[PDB]
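In: Provided hereafter are the protein sequence and its experimental coordinates.
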Amino acid sequence: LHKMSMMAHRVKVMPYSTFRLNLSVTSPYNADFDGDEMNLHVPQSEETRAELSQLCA
Amino acid sequence: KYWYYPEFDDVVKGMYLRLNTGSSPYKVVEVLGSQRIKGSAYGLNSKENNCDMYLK
Amino acid sequence: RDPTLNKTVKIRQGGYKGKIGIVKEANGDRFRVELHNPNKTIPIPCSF
Amino acid sequence: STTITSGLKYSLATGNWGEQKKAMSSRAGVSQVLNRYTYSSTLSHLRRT
Amino acid sequence: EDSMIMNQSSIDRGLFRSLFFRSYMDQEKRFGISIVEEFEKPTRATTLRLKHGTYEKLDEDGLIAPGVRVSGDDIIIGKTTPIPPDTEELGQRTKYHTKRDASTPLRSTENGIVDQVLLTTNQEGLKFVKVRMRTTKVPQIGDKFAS
Amino acid sequence: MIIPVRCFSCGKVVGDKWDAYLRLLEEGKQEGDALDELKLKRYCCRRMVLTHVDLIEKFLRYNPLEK
Amino acid sequence: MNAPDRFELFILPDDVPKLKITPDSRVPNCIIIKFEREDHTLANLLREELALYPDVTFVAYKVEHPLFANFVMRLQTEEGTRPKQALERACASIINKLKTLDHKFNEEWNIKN
Amino acid sequence: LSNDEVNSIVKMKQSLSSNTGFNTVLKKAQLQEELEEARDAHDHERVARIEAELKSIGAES
Amino acid sequence: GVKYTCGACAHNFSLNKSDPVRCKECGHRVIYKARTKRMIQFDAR
Amino acid sequence: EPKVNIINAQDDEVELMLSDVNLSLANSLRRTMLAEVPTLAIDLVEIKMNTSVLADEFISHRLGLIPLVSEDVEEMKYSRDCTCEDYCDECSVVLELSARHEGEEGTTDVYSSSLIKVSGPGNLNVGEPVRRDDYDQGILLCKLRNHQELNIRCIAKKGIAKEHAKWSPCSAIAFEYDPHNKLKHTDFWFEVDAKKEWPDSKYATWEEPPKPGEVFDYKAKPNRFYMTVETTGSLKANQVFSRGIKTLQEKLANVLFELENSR
RNA sequence: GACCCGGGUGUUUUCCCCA
Ligand SMILES: [Mg+2]
Ligand SMILES: [Zn+2]
Ligand SMILES: [Zn+2]
Ligand SMILES: [Zn+2]
């Protein structure tokens, strides 16, 4: 709905099969943990990585 | 496994096999033929192995 | 041509002692064996 | 004998309630696959309007 | 935020553990007077364009047997369709491709034990098989529960 | 399907008390008294025997697939 | 699928040390101890034993994440005492307490047998 | 074996068949179908014989 | 070469990839394969 | 300085009171008894034939949960620490089960008494499934009708309840201290009066209730702990308590050795 | 010296999931 629905996080590799979020960011995403799913997109370049870390963080 | 085959009648003809005399010294007999006997169903190997074929 | 591929194998050492599996990958010195007991595939040295 | 047989089987299999060559404009979804996930779901599906 | 904490020891003792079955179907199609599909274990020599999975779990009749553990992309039904032979009869010692593979692989993300294999004939008199796979699903992080 | 071996919550073995529980209920004892006589104090254990449904008696009624 | 092996909770890899100690230079005479393949069972015991020593001025521990079996402990003693000696004294004292507890329980059980 | 040979062997063993639960159930179902056919034809004589046969075959445990 | 079991009378037999799919003694049209002879091992967990 | 006082004693449960110990020590002892005392349990099942209505892994899970006598499990070695190829008699116990129903009527019950010990460590009292009495049939494993047979071979290994709950010797450890709430460690929810709305603790008579004119004591600490240890029969209650103490001692000694060898 | 592969429909429809 708004531009806070896409934000760039830092990866931390963990066991088990679910994405894990700090609960403070569940408000901008309008998400809760009753079955919601979220999408992850990986940048493929140095320029794109810099854009993500400097603009959408 | 093969007694119900239509050709089994001629297959078993002339064959030599070990036979239990019963009256036991096993001996060999010559098959002069076969004759189906209705009403003489008998257990062949197990209880379910009912058979009507007879060997003369 | 990796004669032990697709052959039943048993593990004799480590944390999976005595588990039956089937060899899937045989590159070298590190065999990938799927386990019959759980639904997973693990690497294992040839000596094991 | 193939006419009635194929017509009934097609309408029950696909859910389109009509002739096969008039699939458009026919009422769809009349026939559905029975839900067998659990007993209550089957009972609910058999009493649906 | 609607999550819940579950006791691991209760899960170990069988709480909410369940059983999962999936069935696969396949049948021999008839394309002409004498063009039929066949259930068989295809060979790397006589068939072309084989799946990348493994065919070593198939029996002589091209069907896996119950009790065999299967993984993703494994071949559980072996089927081949005839193809008009090429000019390979030039100098190939019978090792020329006459059939094309139409095998059924297990789903990539699924694995389990072959539970029961059914073999019969369809309405048209051709062969017709059904393979049922069984696995156990234990509760874990992310599974959905409800009161 | 069949009585669980261990209580889910604590881990007491309740799998050996199904037959005794049925025998006690046969004699006219109430369910609470039957569970008390088997020395099931915690209600976590009591729910295991109290709410068990025995489905294997229905699966066994189908003719075996081999012989 | 992604579930780790259960033996990783207590089985120590060869390359991973059981006990890594690094000094904490922000305050004098303080060390940070990282225990591997341990949990609240050892940590709480050690912490509450060390909290009673007059020469230990700060002791604490935390488990960073429940999905990883390790904990980190912060210890900070007086000027005279090196912290590692205090940790050793705590371990030995708890061992003696457990030993006398076992002896007394055995005596009582034999009496009431 | 051919299909016809299989049918012949099956009929021969059915003649030899003393009893089989699946076959008894099939026979009882066929008898019930024949009985409803006789009922729809208002044949009060055949239906009595079919009822007697069904009573004799039945009484399972 | 490979065993089979009938779906009604549970009679074991075998087929040679050319016989009609049928039980030899009761003529049922549905047959099942027999269990594999390999070793089956479970983790008891 | 620490003291132990036993209230009730049985083969399967002991009710005792600890005193002059810290709360942390009692809780660590409870945790150790719950999840760190080694026992013996079935860990591999080789199913040679299973024509029962239960799934193979269903029966395997049921078998793993059957308690086995683990008295001499200290002498036994861990499977991963045994240099022997495959499994020897010093790191595994082999049990075998064979059940069958004869006749064309009735149902046969398969009990844990049918598990027969085939091989194991020499003269060690381990491996036998636990039986309440000599005539106790045991845990119900399966049911069979005519022409259904179960033929399996099970291997038992040594482990702890951290790895899987089937190796836990205890069922539930009741733990309790300060029945009269003199330390004010809990604040009692109430509607009208908190005193008459809350049931008395079962050990309330073991401690003197606070006097009406008594002031709060800020210098007090929990001193007496009441705990009941129930076992599944694999280990006796005294054995569970003593082995929990020994396991805690071994853990602390390992830490001490690591510290001393670090320098 | 006998030496290991690399491929996948489409169109409709239905029933679900999270907002
Ligand atoms: Mg939601
Ligand atoms: Zn319980
Ligand atoms: Zn049959
Ligand atoms: Zn060994």
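Out: Cool, the structure landed. Numbering: from 1, shown residues only, chains lettered A, B, ... in the order given. Ligands and ions are numbered 1, 2, ... in the order given.
In: make it CA atoms for all contacts and neighbour counts henceforth
Out: OK.
In: which non-adjacent residue is nearest the residue of chain I found nearest RNA strand K?
Out: Residue nearest to RNA strand K within chain I: residue I:38 (20.0 Å; C-alpha to the nearest atom of the strand). If the residues on either side of it in the chain are set aside, residue I:38 comes closest to residue E:68, at 7.8 Å by C-alpha to C-alpha, 6 or more residues apart in numbering or on different chains.
In: got it, and residue J:220?
Out: What sits nearest to residue J:220 in space, not counting adjacent residues and going by C-alpha to C-alpha, 6+ apart, is residue J:183, at 6.8 Å.
In: burial measure for the residue of chain I closest to RNA strand K, as a count.
Out: By other C-alpha atoms under 10 Å in any protein chain shown, 10 other residues sit near residue I:38.
In: what do you get for residue B:41?
Out: Residue B:41 has 16 nearby residues by other C-alpha under 10 Å.
In: got the contact list for it?
Out: The contact partners of residue B:41, by C-alpha atoms under 8 Å, 6 or more residues apart in numbering or on different chains, come to B:50-52, H:16.
In: Quickly find the element holding the most centrally placed residue in chain H.
Out: Centroid-nearest residue in chain H: residue H:27, 2.7 Å away (criterion: C-alpha atoms, centre = their mean). Using DSSP states H and E, residue H:27 sits within helix H:21-40.
In: Next, see if that helix gets close to chain F.
Out: No: residues of helix H:21-40 are not located near chain F by C-alpha under 8 Å from any C-alpha of the partner chain, the shortest gap being 10.1 Å.
In: nearest to residue I:5, of the contacts of residue B:41?
Out: Relative to residue I:5, the closest of those is residue B:50; by C-alpha to C-alpha it sits at 19.3 Å.
In: So that closest one versus residue H:17, what's the distance?
Out: Distance from residue B:50 to residue H:17, counting by C-alpha to C-alpha, to the nearest Å: 8 Å.
In: got it, and residue A:9?
Out: Using C-alpha to C-alpha, residue A:9 is found at 75 Å from residue H:17.
In: likewise residue J:255?
Out: For residue J:255, the distance to residue H:17 equals 78 Å [C-alpha to C-alpha].
In: cool, and residue J:245?
Out: 72 Å.
In: can you check residue E:126 too?
Out: According to C-alpha to C-alpha, residue E:126 and residue H:17 sit 29 Å apart.
In: go on, residue J:13?
Out: 63 Å.
In: between those two, which one's more packed in?
Out: Neighbour totals were compared for residue J:13 and residue H:17, and residue J:13 leads with 21 against 18 (other C-alpha under 10 Å).
In: Name the nearest residue to that one, ignoring sequence neighbours.
Out: residue J:230 (4.4 Å).
In: and that neighbour, how many neighbours?
Out: Close neighbours of residue J:230, defined as other C-alpha under 10 Å, add up to 23.
In: Where does chain D get nearest to chain E, which residue?
Out: Nearest to chain E, among the residues of chain D, is residue D:37, at 11.6 Å (C-alpha to the nearest C-alpha).
In: Which residues are in contact with the residue in chain F that chain B sits nearest to?
Out: In chain F, no residue comes nearer to chain B than residue F:67, which is 11.5 Å away by C-alpha to the nearest C-alpha. Residue F:67 makes contact with I:10-11, J:147-148, according to C-alpha under 8 Å, 6+ apart.
In: The following helix or strand past the helix holding residue H:27 to helix H:21-40, inter-axis angle?
Out: Using DSSP H and E, the helix or strand that follows helix H:21-40 in sequence is helix H:46-57. When axes from the mean of the first three to the mean of the last three C-alpha atoms, to 10 degrees is applied, the directions of helix H:46-57 and helix H:21-40 differ by 160 degrees.
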